[PDB]
Amino acid sequence: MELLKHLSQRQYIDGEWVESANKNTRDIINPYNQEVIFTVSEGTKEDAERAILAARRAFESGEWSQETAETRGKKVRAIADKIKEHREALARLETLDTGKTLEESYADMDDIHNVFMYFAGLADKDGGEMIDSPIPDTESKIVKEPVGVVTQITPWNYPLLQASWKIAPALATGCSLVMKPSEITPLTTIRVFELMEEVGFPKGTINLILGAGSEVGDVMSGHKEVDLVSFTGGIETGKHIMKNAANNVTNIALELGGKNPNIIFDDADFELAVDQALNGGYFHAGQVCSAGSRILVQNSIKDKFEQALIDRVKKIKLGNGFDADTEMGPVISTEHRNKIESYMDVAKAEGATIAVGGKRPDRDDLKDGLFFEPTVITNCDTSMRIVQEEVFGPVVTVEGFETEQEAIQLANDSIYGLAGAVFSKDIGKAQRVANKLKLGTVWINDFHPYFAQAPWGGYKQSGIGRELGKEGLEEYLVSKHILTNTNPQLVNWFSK
Amino acid sequence: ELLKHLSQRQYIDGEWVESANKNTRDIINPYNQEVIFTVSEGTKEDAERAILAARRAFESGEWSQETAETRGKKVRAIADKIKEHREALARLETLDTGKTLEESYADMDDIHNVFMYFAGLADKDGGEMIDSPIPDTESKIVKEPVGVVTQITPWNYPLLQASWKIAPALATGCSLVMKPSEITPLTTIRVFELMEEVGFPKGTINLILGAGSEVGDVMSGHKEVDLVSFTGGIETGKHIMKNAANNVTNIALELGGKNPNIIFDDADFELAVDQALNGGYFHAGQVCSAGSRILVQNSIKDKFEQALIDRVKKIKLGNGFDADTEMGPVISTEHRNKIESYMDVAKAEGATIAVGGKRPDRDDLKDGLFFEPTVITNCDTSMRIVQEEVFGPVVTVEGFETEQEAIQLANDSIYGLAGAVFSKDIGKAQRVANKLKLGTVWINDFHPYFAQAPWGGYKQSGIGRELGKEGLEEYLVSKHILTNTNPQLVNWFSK
Amino acid sequence: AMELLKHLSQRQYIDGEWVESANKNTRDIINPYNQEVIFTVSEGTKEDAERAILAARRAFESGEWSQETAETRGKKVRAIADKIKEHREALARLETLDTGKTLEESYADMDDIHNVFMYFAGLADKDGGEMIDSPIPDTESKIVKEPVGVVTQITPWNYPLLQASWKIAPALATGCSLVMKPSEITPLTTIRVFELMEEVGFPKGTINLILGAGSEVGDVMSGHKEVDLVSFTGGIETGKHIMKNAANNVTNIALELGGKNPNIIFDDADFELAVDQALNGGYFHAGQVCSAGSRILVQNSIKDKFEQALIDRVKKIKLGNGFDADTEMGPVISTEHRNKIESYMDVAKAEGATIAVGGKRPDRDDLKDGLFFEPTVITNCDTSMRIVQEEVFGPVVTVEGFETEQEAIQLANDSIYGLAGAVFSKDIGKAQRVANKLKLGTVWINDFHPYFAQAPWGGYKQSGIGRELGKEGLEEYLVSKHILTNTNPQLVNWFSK
Amino acid sequence: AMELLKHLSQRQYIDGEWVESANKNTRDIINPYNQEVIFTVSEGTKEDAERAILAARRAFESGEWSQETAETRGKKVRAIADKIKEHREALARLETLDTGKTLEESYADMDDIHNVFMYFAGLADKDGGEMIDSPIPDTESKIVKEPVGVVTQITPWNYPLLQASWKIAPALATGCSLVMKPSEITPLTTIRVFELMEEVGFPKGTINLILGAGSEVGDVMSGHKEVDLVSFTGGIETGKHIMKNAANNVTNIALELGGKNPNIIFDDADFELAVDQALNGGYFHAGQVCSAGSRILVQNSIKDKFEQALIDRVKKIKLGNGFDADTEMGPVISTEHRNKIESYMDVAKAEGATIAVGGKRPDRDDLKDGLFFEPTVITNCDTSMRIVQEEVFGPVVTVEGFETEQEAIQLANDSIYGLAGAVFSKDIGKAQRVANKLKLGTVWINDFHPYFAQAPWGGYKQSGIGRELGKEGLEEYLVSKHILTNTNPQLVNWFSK
Ligand code: NA
Ligand code: NA
Ligand code: NA
Ligand code: NA
C-alpha cells in the first residue's frame, strides 16, 4: 500500500514521535492473508508512565485546560475536517488492519467525522449552573471543569471509531489524554495522531502508547496521576482494570460487550426481519459488541424463519475486504478464531445443533486467511453456555418464544445489557417490549444504529457509564460547588 | 424512654426480623461507655435475602412503575414524619453518636429539607428527545431507575447520610437495601419504622444490621445489585469498589478528606479564628469535610496561632445533652486509640503539639471517650500528620507566602472533598477557589452543604456526587430507544 | 354551597386588605342552572386596579418575596396546595354553583389544582440560571434567572380556579408580585383561593385581587407602565386588544385563546373508543373548553357508521343540575353565551350544513329556567364554512370526512387555531406520523382531554402566545440577566490621550 | 470596496431567484462619509413581500428544510460561517462603506459574525425536546421541539450584518423559513450574505430577501397571517407599531429596541479605566449602539474630577473616514438622523443642561461634506429631563451624580429602558450587589460593550421582548408540542349508552 510508506512506526509522547524505551517492535498482520504489513514500536511501562506524567504537567500548565471552550471546539472541528479529507486512506488502512469490508470502513469514517463534529459543537455549550441557595446572603454556583488526566484503551474491532468516542470529548472539555490502541490494530490510531499533531495541541495534551496490554495496562489503570480510566474491550480485562483503578479511587468508564437479543414477532415484516437478522449476526464477522447473536423468534414462525435464515447464510460471500463483492471478511487473529472454534465444541456438547457453518471454509482463496463460516445454532435454550456467553464471531443462536412476556424474560436472562432489537409491525407492542428490556439501546424495526447525538453503553455487566451524547461528555467533566458567603458572621459556638 | 419502644430487629421484605443466627450486638453511648441498647447482628444470608427481595420488588413494578408524581408525594410524607419526630430523632442521634443536641437538631432540619428537595425533584425529568441524524427515525432517551441499590452509611452522621441515599433512591423508583454503621444503628432503625408507616410495597426498602466485616461483601459483590453507594473510610471504600467490579456494578463513594482552610492576611481575622475552630472541632473533628489542615499566610501566622491556641484552651467538653457543651466525645475506644497513635507519629516526625493531644482528666469526663481539642504546629507537607486524615479534634497549621504557594500546598494531598478560602479580597478568593481540586469550595465560610447542590470528592475523596440533580442521576440509567419509522431492507447479504 | 357563601368575602384584595370598590359599585353573580342571583361582589374601578398594580410594584421592589429563598417560596406554594386539598369539597361545590358543570367534574378540577400547586412548589428551587464558558479570557459569565416582575393575570369563566392556579403557582414560585382579575361572571372560587393564600401569608402587595368588568379595568391591567407581563386566558378578540395595549409599554404577553380542535378518527381506530371519546371531546362542560373536540374529522369509509353511532348516543345525554349525580351535562354559562351559540345554528343552516341532532334549547320542565342548550351534531359541512372555522365554545361538534392520512392532516391544519387535537388509530406508527404534522400545542394519541402540570400547554397560530404549565410555563415568569465580570480589566486605549 | 460593488447584486431574492421590484422602483444608497451615492438597489413592493412570505410558507410545508436532519442543518450553518471568514476583508470594507464606522470596528464585527454562525451551527442538533414522567398511568408523554415556522426578520442600520446574523443563524439552524428586510439605507452586506447563502444552498423559498422602505412593506411583514414569528430590531415607535400589527394574527414577537444604558462609576473604580470605558461606551460607532453608555452616573465625590478628565479626552477624539487608520470616530448614518441628534441639543439647553463640549457639526474641511457630529458631553442634568430619559443614539453622553450605592441603583433604574449597563468599582462585592438590582438584560462589571453568541442578549421593560443569542435565542425559533399517547386506552363511559 502507498499509505504505509509514509506512516509513522513510533509512539507519540510529550510532543515527540519516539521509539520504545527498549527498542522493541511488533509486527502487524492483515487477517485476510496473515501477512506482515507493518512493524511498530512496542512500548514499555516506563514509556506509559512518562506519557501520564507529561499529560499531568500539560494539564497543570493550563495551555489546553484553560483555553476557551470555543477555541477548543474549533480545534476539535479541525480534527473532524482532517478525517473527511483523508476518508479513503483511513478506510483502506482500517480494512487492511482489521479485515472488514471497505464499505463498513467508509461507514466508520463518516461516523468518526460526525463524532468529532458533534463534540466540537458541544464544547462551549454548558459551563455549569447557578443555584438558588437556601442560605440567605450567599451565592452558589456549580462550575464544570475538565476531569483531568485520562487514560483511554481501545479495542481491535473498530479501532479508530472507538478512539474517536474517547478523544473527542476529552479534547473538547480540556483534558489531557494518554491512549493505547489494541496491540494488534494500531494503524489508524497512529494516523489520527499524525493528523492531530498537524492541527496543533500543547505539548503533553495528547499521547499515544503502543504495545501489549499485559505490559502497560496496569500503569494506565493504576497510576495515581490519572483521574479517569476509559476502557472498551473484554469483560475479564475490564474487571481487572476496574480493580486496579480502585487503588486510587479513580473514576472508571467501561464498555464490555453483550449478548444482544434480536426479538422477532410473528407480525414482523418477515423479509425485513430475515435481512436484519443477517445484518445483526454477520457484519464484521459478528465481531461487534452489539452484534445480534441471540435471536428470539416467535414459535409460530420459528420454522419458517430458521429455513429462510439458513438458506441465506449459505449464500454469504466471504473474501477480501478490498474486493467489491465481499460481504464478510475474516476474523481478527488466530487466537480469536480458535476461541470461536472452541465454542462450537461447547454448543454440540450441550446438545445444540450446528445448522449451518461452524467451521473454516475450504475455498482456495480463503485458505491463507483467518476465515470462519457464518453459523446458525439451533435447538438451544437459555441454560446453555452458547446462549449465555459472548462468542464475538459470525455465529447466532435461535430460540423460540410463545408470548411477549416470554420474549422479555428470555431477552433479559443474561448477565449483559448493551443493545437489542424488537421487530413487529405492531409499534405499540414493540414500544411495550422496549420499555421492559434492560438494555442501553433498543432498536424498533432496525439493528445496529448508533450516533454521536445519543448515549451508548450498558446495563449490568456490559459496562459502567456512557459514551456519546451529552452524557458521554459528562464523563470528562467534574463538578465544583463554589459557595460565597456575602455577609459572613461569626458563629460564636466555641467559648472566647 | 424512646428506646423502650424502638425496634431491635432488621427489616427485610416487609417484616421486622431477627438475625438468621439469633446473634445480637450491644450499642454504646460514647459519653459514658454504657450499653444503651441491643440489636440483631445479621448474617450474610440475611443480606442476600434482602437483596433478592429488593430485586423481586423492583421487577414487580409496584414502586418502579408507580408515577413519579406519586413517588414524590411519598418522599414528601417521609420528610413530614422527620419533622413530626424531630425531638426524639435528635435525642437518639446524640445518644448514639455523642455530638451535641444542638448539632443533632440542625441535622434533623437538614434531613427534612433533603427529603423535601428530592420529593420535589421526582417528577421533573424523564429523559430527552433527540434530533436523530438518520432520516425517518425517532430517537429518545428514557431515564429509568438504576434498579436495586445497596447503601452503606457511616457512624458520624448516621441519619443525615442515610437521607442523602434514601431520598433519591425512592424518588426515582429504585428498591434499596441499607446497612448503617454497626456501632450507630438507632436513628436508622427509627427512620425505617417511619417509612413503614408511610407505606411502601413489600421489598422496596430493607434494613440490614450488622458488621461491615460480615455483610459488607455481599452488599457490594452481589450480582443482583445495580449500584453500590458507600460513605466511610478510604480503605473500606477501595475494597467495596474492587468487590463491585466482580459484576461491573456502578459505584458511588464518599471517603473523607484532608480539607484545607486557607486564611489570607487580609481575611477578617476574628471571623477566620471563629471558622478555624468551627472547621476543626465540630463533632470533635469527626467530619468528612473537617478543616483539619489550616494554611495561614506567613505575615499573620504568629498572631493566628496565638489566637487559635488561646481559644482551643477554652473549648467546653461534656455530655451532648448538656447545653453548655461545645464538643462531645469521639465515637469509640478504637477510634480514640487511633487518634492517640497519631500524636506519637506527629512528635516523632518533629511537629509540635501546641495544645491538647491527650485525654482530659476532669472527673465528669473520665468515663467517656474524650480527647482534648488539639493544635499541631511546626509541621510541613511531607509529614504523615499533615497528609493523613486523623478524623479527630486535631488541626495542623502551616504557613504560606503567596497565593500560588497556598494553592500548591492545599492541592498537595491525595484527597479532594472540600475547603475554604478566607479573604476580604473576593477576586483573590475566587482565583484560589478556581484552582483548588475540591468538590466544594467555600469563600468566607466553612461547612455549608445543602440538598440543592452536589457534594463529593475529587481524587481519592470519592467517585460520584450526592445531593442535587447530579445526586439523583446516580439512581437513574439511560436507555436510547430508536424507532425506524420507514424500515427498508439493507440487502447487504446475497439472496 | 349556599352555606359556604355565608362566610365568603364579597370584596377585592388590594395591598393586604379586603376592600370594596372605590365607587361602591357591585355585581350580582348568577347560578346558570336556574338564573338565580347567588352572591353580590364588589365591582372595582380602574383606580382600584391602578392602586393594586402600584402596590405589587412596591412589594416587588421591597424584595420581601422576590429575594426570599426559592426553597421557602416553594414551601409556601406547597402550603397553598395543601389548603386546596383540605377544602376540596367546598371548593368543588362553589365551582359547580358558579359555573354549572357537574360536581364530579369539579372534584377532578380540585384534584388537578392541588397537583398544579404541588408541581410548582417542587420546581421553585430547582434552577437559578447557568454558568457560561466565556469566549473572552479573564472573564466570568453567568446567566441569572430573576422573577419577571409585576404580572397581571386575567382568567376565564369556564374553569376559573383551574386557570387561576396555572398563573398564580408559577408567579409565586418565582418571586413575582401579581394582580389577578377573574371573569366578572365567575369570581367565587378565586375570592376563596385569595382567602386561603392570605392564611398562608405573603408580604403586603405580593398578591392582589381585582373584581370587575374587563371593559372597565382591563385596559389598566394590560396597559400600565409598571407591569412586566400580562397573562390572559379568554376570547380571541379580547386577547388581540390586550396585546395591542401591552405594546404601549413593550410588555411581555402570554395568551391562551381557545381553538378549533380536531378529533381525527381513522377507519382502524378502536371504534367504540372513538365514539366514547368523541362524546367526551364534544360535551364535557357543555363544550365550553378551550380544547374541546369540536371539529371531528372521520375517515370516509366509516363516516356513515360513525355519524349514526354518535347521533344515537347524543340523544341519550342526560342534562340537568350539576349537583345531581345522574347529570352528564350542565347548562352553558350565560344568556349572552347561549344566544351566541344559538346564532351559530342559523349560520350553519344558511351555509348548507345539517343540524343532525340538537341545535335548540330543551323544553323539559326542570331545564326551562336554566341556561341549557341541547348537545348538537352538525353534518354535511366543509372547511369553507364559518361553523367549521369559528369557535362556538358550546355543546356542538361538526363532522367532516377525509379520504387519506394526507387529507386528514390538511383539513386539521386548515384553521386559524392551533391548541390541541387527537388522533385515533390502532396503527400507532400512523398516529405518530399524523401527530408530528399537526400544528397543535398538544396532540393526544388514542385519548382526548389530558393535560397536567408536568407538560406545557398552549397554542400555535391564533390559539395564543407562550405556554402555561411545565418548566416552560415557569419560564414565562422569569427573566434572564447576563452578568459578565472582567477579572483583569485593561484600558482599550482606542480614543486618543 | 467600490470594486466589490461592481459584482454585487442589486436585486431582491425571492423564492430562489434574484428579482427586481414588481414596479421596477429603485433606491440610491449613500456613503455617510461624503454623502455620495455608492449603489442603487431594487425598492420592493408590498406584493413582493407577500410573495416572499407565501414562498416561505410553501417551502416550510414541503419539509425540505424543516424536516432535514438537525445535524445537516448545522453543517450548512457552519458553511455560512466559513464563507464569512473567507470574505472577511471585503465584507468589512462593504460595512464601513455603507455605515461609516471604522474599518477596525468592521473587522471585529466580521469576527463576531463568524462566531455567531458557528455557535448556532454547533447548537443545531443538541436538543429536540424532553421525555416527561407522566402522572397518568399507561401513558407516554413527550415534548418535541419543532421550528416555529415562517419568520419575518427586520434589521437596523447600525450593525446590519451583525444583527442579520443573530436572526438568520438560529432560524436556519432550527429549520424555519425566513423573509428578511434590512434597513432601507444599509442593504449592502445583507445582499452579500444572501449571495453567500445561495452558494451554500437552501431549498427554494427557505430564505428570502426583501429590499425597501419599512413604510411600504413593514405592515405586510408584521401583519401577514402566514407568519409565525416577527423579529424586529430597531426604533421603539416602529417596534410598538409592529407589535400592534402582529396582534392581528396573535403572532409571536421578538423585539430589540435600544436603551438608555447606564455606566455607573464609583469613587473606588480604577479611575483611568473608568474614563477609558466611558469614552468607549459613549463614542464607538458615534454612539449609534443599542447598548451605548449614554447615561453616565458618577459618584458625587469624584464627579468634578471625572467630568474634567472625560471632557479633556473628548476634545482629542479623531474624526474622519472609517477607511483611514487614524480615525477613531466616523460620521452618523443619515441626514435625518443627524438632524434628530441636533434637535436634542436644543432640547437639552432649553431644559437647563450644559453642553460641556461638542454639540455641533465639525467645520474642518475634510469633514464638511460628511454627516459628522462632534462627540458631546452634557452636564448639569437630572433624571427629570428629556435629554436623560430619551435615547438620542448619537455621539452624546449625559453625566449625573449620585451619593450612595442605593441612589446609583434608583437613578439607573429610572428610565423606561432595560437593555445593558455597567458598574465600575474595585469592590467586586459592591459591584455584584448593584448588578443584581439593575433591571437590565446584560450587566458588565468593570467592562463596557461585551456580547457573544454564548449568552442571551435583550431587554427588560421598553428595551424589548425576548432574547437573541445563546440557547434562549435559539428558543425563539422553536415551538413545543406535547404528544401524549394512551398505551392502554379504556372507554370513560361518562355519557349514557
Ligand atoms: Na454495570
Ligand atoms: Na476519585
Ligand atoms: Na401565536
Ligand atoms: Na418588555
# chains A, B, ... in the order shown; residues from 1 in each chain; ligands from 1
$ interface_residues --of "chain B" --to "chain D" --cutoff "10 Å" --atoms "only C-alpha atoms" --output "NGL selection string"
:B and (65-70 or 122-136 or 139-144 or 424-427)
$ residues_near_ligand --ligand "ligand 3" --cutoff "10 Å" --atoms "only C-alpha atoms and all ligand atoms" --output "PyMOL selection string"
(chain C and resi 254-257+416-419+458-466) or (chain D and resi 148+227-229+246-247+249-253)
$ closest_atom_pairs --of "chain A" --to "ligand 1" --cutoff "12 Å" --atoms "only C-alpha atoms and all ligand atoms" --output "JSON lines"
{"residue": "A:235", "atom": "CA", "partner": "ligand 1", "partner_atom_place_in_ligand_line": "1 (Na)", "distance": 10.9}
{"residue": "A:238", "atom": "CA", "partner": "ligand 1", "partner_atom_place_in_ligand_line": "1 (Na)", "distance": 11.1}
{"residue": "A:239", "atom": "CA", "partner": "ligand 1", "partner_atom_place_in_ligand_line": "1 (Na)", "distance": 10.7}
{"residue": "A:242", "atom": "CA", "partner": "ligand 1", "partner_atom_place_in_ligand_line": "1 (Na)", "distance": 11.5}
{"residue": "A:252", "atom": "CA", "partner": "ligand 1", "partner_atom_place_in_ligand_line": "1 (Na)", "distance": 11.0}
{"residue": "A:253", "atom": "CA", "partner": "ligand 1", "partner_atom_place_in_ligand_line": "1 (Na)", "distance": 9.8}
{"residue": "A:254", "atom": "CA", "partner": "ligand 1", "partner_atom_place_in_ligand_line": "1 (Na)", "distance": 8.4}
{"residue": "A:255", "atom": "CA", "partner": "ligand 1", "partner_atom_place_in_ligand_line": "1 (Na)", "distance": 9.1}
{"residue": "A:256", "atom": "CA", "partner": "ligand 1", "partner_atom_place_in_ligand_line": "1 (Na)", "distance": 9.4}
{"residue": "A:257", "atom": "CA", "partner": "ligand 1", "partner_atom_place_in_ligand_line": "1 (Na)", "distance": 11.3}
{"residue": "A:258", "atom": "CA", "partner": "ligand 1", "partner_atom_place_in_ligand_line": "1 (Na)", "distance": 11.5}
{"residue": "A:415", "atom": "CA", "partner": "ligand 1", "partner_atom_place_in_ligand_line": "1 (Na)", "distance": 9.7}
{"residue": "A:416", "atom": "CA", "partner": "ligand 1", "partner_atom_place_in_ligand_line": "1 (Na)", "distance": 8.6}
{"residue": "A:417", "atom": "CA", "partner": "ligand 1", "partner_atom_place_in_ligand_line": "1 (Na)", "distance": 8.3}
{"residue": "A:418", "atom": "CA", "partner": "ligand 1", "partner_atom_place_in_ligand_line": "1 (Na)", "distance": 9.7}
{"residue": "A:438", "atom": "CA", "partner": "ligand 1", "partner_atom_place_in_ligand_line": "1 (Na)", "distance": 11.1}
{"residue": "A:439", "atom": "CA", "partner": "ligand 1", "partner_atom_place_in_ligand_line": "1 (Na)", "distance": 10.8}
{"residue": "A:440", "atom": "CA", "partner": "ligand 1", "partner_atom_place_in_ligand_line": "1 (Na)", "distance": 10.4}
{"residue": "A:457", "atom": "CA", "partner": "ligand 1", "partner_atom_place_in_ligand_line": "1 (Na)", "distance": 9.1}
{"residue": "A:458", "atom": "CA", "partner": "ligand 1", "partner_atom_place_in_ligand_line": "1 (Na)", "distance": 6.4}
{"residue": "A:459", "atom": "CA", "partner": "ligand 1", "partner_atom_place_in_ligand_line": "1 (Na)", "distance": 5.1}
{"residue": "A:460", "atom": "CA", "partner": "ligand 1", "partner_atom_place_in_ligand_line": "1 (Na)", "distance": 3.9}
{"residue": "A:461", "atom": "CA", "partner": "ligand 1", "partner_atom_place_in_ligand_line": "1 (Na)", "distance": 4.9}
{"residue": "A:462", "atom": "CA", "partner": "ligand 1", "partner_atom_place_in_ligand_line": "1 (Na)", "distance": 6.0}
{"residue": "A:463", "atom": "CA", "partner": "ligand 1", "partner_atom_place_in_ligand_line": "1 (Na)", "distance": 4.5}
{"residue": "A:464", "atom": "CA", "partner": "ligand 1", "partner_atom_place_in_ligand_line": "1 (Na)", "distance": 4.6}
{"residue": "A:465", "atom": "CA", "partner": "ligand 1", "partner_atom_place_in_ligand_line": "1 (Na)", "distance": 7.8}
{"residue": "A:466", "atom": "CA", "partner": "ligand 1", "partner_atom_place_in_ligand_line": "1 (Na)", "distance": 10.5}
$ write_last_selection --atoms "N, CA and C atoms" --output "short mmCIF file (atom, residue, chain, number, x, y, z; two decimals), in the first residue's frame"
data_model
loop_
_atom_site.label_atom_id
_atom_site.label_comp_id
_atom_site.auth_asym_id
_atom_site.auth_seq_id
_atom_site.Cartn_x
_atom_site.Cartn_y
_atom_site.Cartn_z
N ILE A 235 -14.70 -8.29 28.89
CA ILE A 235 -15.17 -8.26 30.26
C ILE A 235 -14.11 -8.61 31.30
N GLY A 238 -11.70 -5.75 31.55
CA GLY A 238 -12.40 -4.61 32.15
C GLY A 238 -12.49 -4.71 33.67
N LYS A 239 -12.82 -5.90 34.18
CA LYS A 239 -12.94 -6.09 35.63
C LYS A 239 -11.60 -5.88 36.31
N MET A 242 -10.82 -2.18 36.43
CA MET A 242 -11.57 -1.50 37.48
C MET A 242 -10.99 -1.77 38.88
N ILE A 252 -14.00 5.29 36.65
CA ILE A 252 -13.90 4.36 35.51
C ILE A 252 -15.12 4.42 34.62
N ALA A 253 -14.83 4.24 33.34
CA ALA A 253 -15.85 4.17 32.32
C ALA A 253 -15.50 2.88 31.56
N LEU A 254 -16.45 1.97 31.43
CA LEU A 254 -16.21 0.69 30.77
C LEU A 254 -17.29 0.33 29.76
N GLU A 255 -16.89 -0.21 28.62
CA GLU A 255 -17.82 -0.69 27.58
C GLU A 255 -17.28 -2.12 27.29
N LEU A 256 -18.03 -3.16 27.69
CA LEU A 256 -17.57 -4.54 27.65
C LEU A 256 -18.32 -5.60 26.82
N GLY A 257 -19.11 -5.16 25.90
CA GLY A 257 -19.76 -6.16 25.04
C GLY A 257 -21.09 -6.62 25.60
N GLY A 258 -21.71 -7.58 24.92
CA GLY A 258 -23.03 -8.01 25.26
C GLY A 258 -23.49 -9.33 24.65
N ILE A 415 -26.22 -11.92 31.66
CA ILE A 415 -25.51 -11.01 32.55
C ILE A 415 -25.29 -9.66 31.91
N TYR A 416 -25.60 -9.56 30.62
CA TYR A 416 -25.28 -8.37 29.84
C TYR A 416 -26.45 -7.39 29.71
N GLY A 417 -26.24 -6.26 29.02
CA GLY A 417 -27.29 -5.26 28.90
C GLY A 417 -26.97 -4.14 27.94
N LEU A 418 -26.35 -4.46 26.82
CA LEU A 418 -25.86 -3.40 25.92
C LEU A 418 -26.88 -2.87 24.90
N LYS A 438 -33.74 -4.58 29.61
CA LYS A 438 -32.67 -3.91 30.39
C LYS A 438 -31.44 -3.80 29.50
N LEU A 439 -31.53 -2.83 28.57
CA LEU A 439 -30.51 -2.58 27.56
C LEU A 439 -30.30 -1.09 27.39
N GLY A 440 -29.05 -0.68 27.14
CA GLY A 440 -28.72 0.72 26.96
C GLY A 440 -29.28 1.34 25.68
N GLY A 457 -24.14 2.64 25.88
CA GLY A 457 -23.47 1.93 26.98
C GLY A 457 -24.34 0.87 27.56
N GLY A 458 -23.82 0.20 28.58
CA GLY A 458 -24.58 -0.95 29.04
C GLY A 458 -25.13 -0.94 30.42
N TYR A 459 -26.24 -1.67 30.57
CA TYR A 459 -26.73 -2.05 31.88
C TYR A 459 -25.91 -3.28 32.32
N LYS A 460 -25.94 -3.58 33.62
CA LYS A 460 -25.42 -4.85 34.11
C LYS A 460 -23.94 -5.02 33.75
N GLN A 461 -23.52 -6.21 33.30
CA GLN A 461 -22.13 -6.45 33.07
C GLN A 461 -21.61 -5.92 31.73
N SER A 462 -22.45 -5.22 30.99
CA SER A 462 -21.99 -4.63 29.71
C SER A 462 -21.19 -3.35 29.91
N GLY A 463 -21.18 -2.78 31.11
CA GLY A 463 -20.33 -1.61 31.34
C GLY A 463 -20.71 -0.74 32.51
N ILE A 464 -20.00 0.38 32.60
CA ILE A 464 -20.25 1.46 33.54
C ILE A 464 -20.11 2.76 32.76
N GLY A 465 -21.13 3.61 32.86
CA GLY A 465 -21.08 4.89 32.18
C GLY A 465 -21.64 4.86 30.77
N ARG A 466 -21.42 5.99 30.09
CA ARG A 466 -21.89 6.14 28.70
C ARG A 466 -20.86 6.89 27.87
#
$ residues_near_ligand --ligand "ligand 2" --cutoff "9 Å" --atoms "only C-alpha atoms and all ligand atoms" --output "list in words"
residues 227, 228, 246, 248, 249, 250 and 251 of chain A; 253, 415, 416, 457, 458, 459, 460, 461, 462, 463 and 464 of chain B
$ write_last_selection --atoms "N, CA, C and O atoms" --output "mmCIF file, in the first residue's frame"
data_model
loop_
_atom_site.group_PDB
_atom_site.id
_atom_site.type_symbol
_atom_site.label_atom_id
_atom_site.label_comp_id
_atom_site.auth_asym_id
_atom_site.auth_seq_id
_atom_site.Cartn_x
_atom_site.Cartn_y
_atom_site.Cartn_z
ATOM 1 N N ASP A 227 -7.101 10.590 36.497
ATOM 2 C CA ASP A 227 -8.402 10.953 37.059
ATOM 3 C C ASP A 227 -9.573 10.122 36.512
ATOM 4 O O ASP A 227 -10.610 10.012 37.168
ATOM 5 N N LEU A 228 -9.403 9.563 35.305
ATOM 6 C CA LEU A 228 -10.421 8.719 34.672
ATOM 7 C C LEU A 228 -9.728 7.692 33.789
ATOM 8 O O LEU A 228 -8.829 8.041 33.007
ATOM 9 N N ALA A 246 -9.377 1.121 41.408
ATOM 10 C CA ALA A 246 -9.809 1.267 42.793
ATOM 11 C C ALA A 246 -8.646 1.671 43.724
ATOM 12 O O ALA A 246 -8.873 2.314 44.756
ATOM 13 N N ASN A 248 -6.560 3.921 43.555
ATOM 14 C CA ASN A 248 -6.533 5.394 43.698
ATOM 15 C C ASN A 248 -7.922 6.025 43.618
ATOM 16 O O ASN A 248 -8.052 7.252 43.455
ATOM 17 N N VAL A 249 -8.957 5.224 43.816
ATOM 18 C CA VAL A 249 -10.346 5.691 43.792
ATOM 19 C C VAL A 249 -10.578 6.468 42.485
ATOM 20 O O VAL A 249 -11.261 7.505 42.449
ATOM 21 N N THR A 250 -10.098 5.903 41.397
ATOM 22 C CA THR A 250 -10.158 6.574 40.107
ATOM 23 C C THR A 250 -11.465 6.295 39.373
ATOM 24 O O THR A 250 -11.930 5.161 39.308
ATOM 25 N N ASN A 251 -12.071 7.347 38.832
ATOM 26 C CA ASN A 251 -13.262 7.177 38.015
ATOM 27 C C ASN A 251 -13.022 6.145 36.909
ATOM 28 O O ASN A 251 -11.954 6.125 36.307
ATOM 29 N N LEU B 253 -18.966 6.600 45.819
ATOM 30 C CA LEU B 253 -18.182 6.580 47.050
ATOM 31 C C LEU B 253 -17.926 7.987 47.600
ATOM 32 O O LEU B 253 -17.624 8.895 46.839
ATOM 33 N N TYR B 415 -6.401 13.772 48.636
ATOM 34 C CA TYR B 415 -7.835 13.994 48.776
ATOM 35 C C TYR B 415 -8.372 15.148 47.939
ATOM 36 O O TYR B 415 -7.591 15.832 47.268
ATOM 37 N N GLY B 416 -9.681 15.397 47.999
ATOM 38 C CA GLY B 416 -10.265 16.472 47.200
ATOM 39 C C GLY B 416 -11.725 16.732 47.528
ATOM 40 O O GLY B 416 -12.533 16.986 46.619
ATOM 41 N N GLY B 457 -16.212 14.160 46.088
ATOM 42 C CA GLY B 457 -14.808 14.458 46.003
ATOM 43 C C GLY B 457 -14.087 14.243 44.716
ATOM 44 O O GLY B 457 -14.451 13.369 43.931
ATOM 45 N N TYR B 458 -13.077 15.092 44.511
ATOM 46 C CA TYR B 458 -12.069 14.865 43.503
ATOM 47 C C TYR B 458 -11.098 13.828 44.076
ATOM 48 O O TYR B 458 -11.043 13.574 45.297
ATOM 49 N N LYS B 459 -10.298 13.217 43.195
ATOM 50 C CA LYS B 459 -9.195 12.376 43.623
ATOM 51 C C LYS B 459 -9.629 11.246 44.557
ATOM 52 O O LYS B 459 -10.637 10.595 44.270
ATOM 53 N N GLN B 460 -8.924 11.025 45.667
ATOM 54 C CA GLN B 460 -9.256 9.875 46.498
ATOM 55 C C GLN B 460 -10.369 10.137 47.506
ATOM 56 O O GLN B 460 -10.669 9.293 48.341
ATOM 57 N N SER B 461 -11.012 11.292 47.395
ATOM 58 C CA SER B 461 -12.154 11.551 48.259
ATOM 59 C C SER B 461 -13.465 10.891 47.789
ATOM 60 O O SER B 461 -14.441 10.887 48.538
ATOM 61 N N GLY B 462 -13.480 10.326 46.600
ATOM 62 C CA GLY B 462 -14.672 9.629 46.132
ATOM 63 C C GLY B 462 -14.840 9.440 44.667
ATOM 64 O O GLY B 462 -13.952 9.773 43.857
ATOM 65 N N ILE B 463 -16.011 8.899 44.317
ATOM 66 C CA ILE B 463 -16.487 8.762 42.954
ATOM 67 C C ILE B 463 -17.946 9.158 42.979
ATOM 68 O O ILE B 463 -18.717 8.654 43.808
ATOM 69 N N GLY B 464 -18.329 10.074 42.093
ATOM 70 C CA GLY B 464 -19.729 10.485 42.026
ATOM 71 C C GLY B 464 -20.096 11.630 42.943
ATOM 72 O O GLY B 464 -19.246 12.255 43.594
#
$ closest_residue --among "C:296, C:118, C:123, C:274" --to "chain A" --atoms "only C-alpha atoms"
C:123
$ residues_around --residues "residue D:242" --least-positions-apart "2" --cutoff "10 Å" --atoms "only C-alpha atoms" --output "MDAnalysis selection string"
(chainID C and resid 244 247) or (chainID D and resid 218:223 230:232 236:240 244:247 253 255)
$ residues_around --residues "stretch 367-377 of chain C" --least-positions-apart "3" --cutoff "7 Å" --atoms "only C-alpha atoms" --output "list in words"
residues 32, 33, 34, 35, 283, 311, 314, 320, 331, 332, 333, 334, 335, 338, 355, 356, 357, 358, 359, 360, 361, 362, 363, 364, 395, 396, 397 and 398 of chain C
